Amino acid sequence: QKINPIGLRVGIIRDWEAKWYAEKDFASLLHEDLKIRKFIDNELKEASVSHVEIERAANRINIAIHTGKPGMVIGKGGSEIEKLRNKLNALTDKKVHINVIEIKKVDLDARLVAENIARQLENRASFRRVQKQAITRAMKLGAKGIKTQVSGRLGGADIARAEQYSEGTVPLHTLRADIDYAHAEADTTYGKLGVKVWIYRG
Amino acid sequence: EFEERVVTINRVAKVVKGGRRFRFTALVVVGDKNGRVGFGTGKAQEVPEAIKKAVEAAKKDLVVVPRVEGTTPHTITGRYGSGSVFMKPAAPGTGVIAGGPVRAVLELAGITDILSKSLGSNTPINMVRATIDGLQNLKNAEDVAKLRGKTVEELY
Amino acid sequence: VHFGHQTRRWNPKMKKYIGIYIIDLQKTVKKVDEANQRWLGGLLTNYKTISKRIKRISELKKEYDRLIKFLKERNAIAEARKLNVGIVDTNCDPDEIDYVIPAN
RNA sequence: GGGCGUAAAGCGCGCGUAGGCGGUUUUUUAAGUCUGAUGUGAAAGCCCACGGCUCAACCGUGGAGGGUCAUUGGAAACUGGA
RNA sequence: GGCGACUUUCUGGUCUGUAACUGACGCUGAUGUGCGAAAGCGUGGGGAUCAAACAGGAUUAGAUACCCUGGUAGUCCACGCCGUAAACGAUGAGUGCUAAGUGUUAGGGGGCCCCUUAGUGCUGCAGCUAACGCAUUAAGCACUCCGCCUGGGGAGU
RNA sequence: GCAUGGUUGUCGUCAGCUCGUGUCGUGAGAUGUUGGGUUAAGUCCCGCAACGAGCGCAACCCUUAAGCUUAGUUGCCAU
RNA sequence: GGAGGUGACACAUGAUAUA
RNA sequence: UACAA
Ligand SMILES: [Mg+2]
Ligand SMILES: [Mg+2]
Ligand SMILES: [Mg+2]
Ligand SMILES: [Mg+2]
Ligand SMILES: [Mg+2]
Ligand SMILES: [Mg+2]
Ligand SMILES: [Mg+2]
Ligand SMILES: [Mg+2]
Ligand SMILES: [Mg+2]
Ligand SMILES: [Mg+2]
Ligand SMILES: [Mg+2]
Ligand SMILES: [Mg+2]
Ligand SMILES: [Mg+2]
Ligand SMILES: [Mg+2]
Ligand SMILES: [Mg+2]
Ligand SMILES: [Mg+2]
Ligand SMILES: [Mg+2]
Ligand SMILES: [Mg+2]
Ligand SMILES: [Mg+2]
Ligand SMILES: [Mg+2]
């Protein structure tokens, strides 16, 4: 019913996360990209990674990792990023250079806020309290608006439902509005809980 | 400061072209246990948000309850609509002999000793409004001595 | 300033202050010593919201033109009588005026 | 210590008997009313106090209470009688 | 309950003013006794219109109806009976007290207006009410008497 | 798929649906959002115990219809 | 503007709880 | 959905 807010704005006011060109090796490079994105998600699942950008040029892959906690990705003395770079050069057989970009104010990042809620829901936290706390935090940091939604068997109820909260303005029809969006899943004993977060900075 | 007690939480519904739209009504009594009591109501889709609205509204209609050594100066019946609450002074050993929302109102007023009977509607909002009505009409001896132009001793 | 409204509409509570009825000029002088646009609902009781519009007026042209013009008086009295001085004609209620001036 | 416009509940409406109730004042009475006295309201019981049961139940002792009771002396505002 | 052309005869009640008179002679009212729309019943008249029943014609899947054409009782009168209605203001009677404004009916007093009685309407405070609303014609505030109610159905059987 | 996440159809591009504060109501609720006009539109103005706000409408995005500057190949061809 | 009086072709049906 | 037919 409601279009993905990111997908509607891709190539309009939002940039592609994959920045390379190819014609006949497009499929092979696309799936090497997806191989890398799956590797980074698994290997840095505790490092608060918002998103990953991939640039390709001259048998070299430049990977930018936007992370809430950059000291965990780099590691004490650059040792953790050297180990990840060595494993990426084995998944790829190309020369990978990794850049790390700290994202201050992790409470204004939809992906980090969505995954934090999902992690708390897995710890049996109140599906209401986690949404309200996340909204209060983002608005205190100057967010123009925020919307949260948790869908599924809330609190182990036998009948699934969706509870959503909002504050400020989240103008999903305004094309020029840069609306950050993310979906995350919480693995509970009762199945999947879907977390959706919309953040509008301005 | 003021202590507050949630007397009743009611889920109410209004019907629309779809199904039903639900809200939550909170009836709350506030009081300091030192002769100032008040009740308020608030409505919201969330129970805690309705409570805060009810608490805030209660602070705007605090009442001054006359007392003599922890008891009321005389018997009274408070009536609001169908609600009617009989209140009688009791000895200091006696506790608050009250049934429902009356107990919340009298306790937060600072009574600790009273004989009360709810003779009428048991709907909590109207029982609460009846209780406040009876406390609003209590008169201490020093006040009625002033209006009659006598001293307190001459009243007896 | 002492000829009030017609007899067929005079409030009964203005009998002391009062063809047509003529106000108590003698009583108004002793009372006077004791003492333009639409009134927005909640001007006084909703200052938590009006001040935002007052602040937003200080800080668009279409809004300001009506805002400047903006920022019979029964709305105002309730905003004040519920919070716990004014010319009170015969048709007006005197029991809700702290300092009633019984002048036309 | 409740009600009867619409929730159960005003007879369809008169006339009128018994009964109930009844305007102001003065005098009088003393049935109601009020206030004492005397007698009586058994004992056991209930309640209070004390004593005996190791405690307690229980038992015992001394009080209190319970009448619309009767008889008798006063009061006279109200209800009743003249 | 009801009462609507006009005339005469017989007859009931109410209202206003006055303050001759009587001097509490009052209020209510179980039982009781009367009056009581329409339909209906009896006897006897009358019979225009309308019209249960009924007949025919339509409509309809059917139409024992609604619509059309007729039509009997009845509708009318007298004298008896019946005694029931959403017989309603769904509000018993009596008495007094409690803001105003404004129509109207029948009077009176004073200078068309002001005051005042008694009815009849609308609006509207205080108060009352569950609300709707009532509000000097109370559903307000009081006293007296009567009637009546105590979950729905069964059953006003 | 009547335990679910995600994704989709449908009413339906219908113009509506709400919230905060205030105020009115014992209360469910109401108001705002109704009324006078106007619009494709809860679009806009006026009045109004409402004042504001949000999700919607619209606008910001793509393309099509006209012109200008830059550029002239693999496009075009007037001298 | 709101009341009170006054007057003014045909279309049948849709099991129980749970909602 | 579980039923009924
Ligand atoms: Mg009862
Ligand atoms: Mg009665
Ligand atoms: Mg009925
Ligand atoms: Mg009834
Ligand atoms: Mg009657
Ligand atoms: Mg009857
Ligand atoms: Mg013993
Ligand atoms: Mg007459
Ligand atoms: Mg009588
Ligand atoms: Mg009788
Ligand atoms: Mg007849
Ligand atoms: Mg016929
Ligand atoms: Mg006949
Ligand atoms: Mg006859
Ligand atoms: Mg009746
Ligand atoms: Mg009466
Ligand atoms: Mg009366
Ligand atoms: Mg009225
Ligand atoms: Mg009159
Ligand atoms: Mg648009």
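Lettering follows sequence order; numbering is per chain, from 1.
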| said: Give me the distance, rounded to whole Å, that separates E/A86 from D/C13 when you measure between the P atoms they each carry. | reply: 11 Å

| query | So, is B/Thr25 close to the F/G27 phosphate, meaning a side-chain N or O under 4.0 Å from OP1 or OP2? | reply | no

| How does protein reach along nucleotides 123-133 of chain E, written 5' to 3' as B (base within reach of a heavy atom under 4.0 Å), S (only sugar-phosphate), or - (no contact)? | -------S---

| request: Describe, in one word, how the ring planes of A/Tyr181 and A/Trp198 are oriented to each other, choosing from parallel (under 30°), tilted (30 to 60°) and perpendicular (over 60°). | output: tilted

| remark: Checking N1-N3 plus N6-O4 or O6-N4 for Watson-Crick, or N1-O2 and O6-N3 for wobble, each under 3.5 Å, the partner of E/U120 is E/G103

| remark: Taking pairs as Watson-Crick (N1-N3 plus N6-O4 or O6-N4) or G-U wobble (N1-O2 and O6-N3), each distance under 3.5 Å, the stems of three or more consecutive pairs with RNA chain G are none

| request: Using only side-chain N and O atoms of B/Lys43, determine if any of them is under 4.0 Å from OP1 or OP2 of F/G27. | output: no

| Paired with E/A55: which nucleotide, if any, by Watson-Crick or G-U wobble criteria at under 3.5 Å for both distances? | E/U69

| So, do F/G25 and F/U26 stack if we ask for centres under 5.5 Å and planes under 30°? | no

| task | May I have the distance from A/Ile6 (atom CD1) to F/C61 (atom P), rounded to whole angstrom? | result | 19 Å

| note | Reading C1'-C2'-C3'-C4' for E/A53 with positive as north and negative as south, the pucker comes back north

| task | With the stacking criterion set to ring centres under 5.5 Å and planes under 30°, output yes or no for F/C48 and F/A49. | result | no

| query | Quick one: A/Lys147 NZ to F/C55 P, roughly how many Å, whole number? | reply | 9 Å

| said: Could you identify the nucleotide paired to E/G34, looking across every strand shown and requiring Watson-Crick or G-U wobble geometry with both distances under 3.5 Å? | reply: D/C13

| task | Would you mind reading off the distance between C/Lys48 atom NZ and F/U21 atom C1', rounded to a whole angstrom? | result | 4 Å

| request: Pull up the glycosidic torsion of G/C11 and say syn or anti, syn being anything within 90° of 0. | output: syn

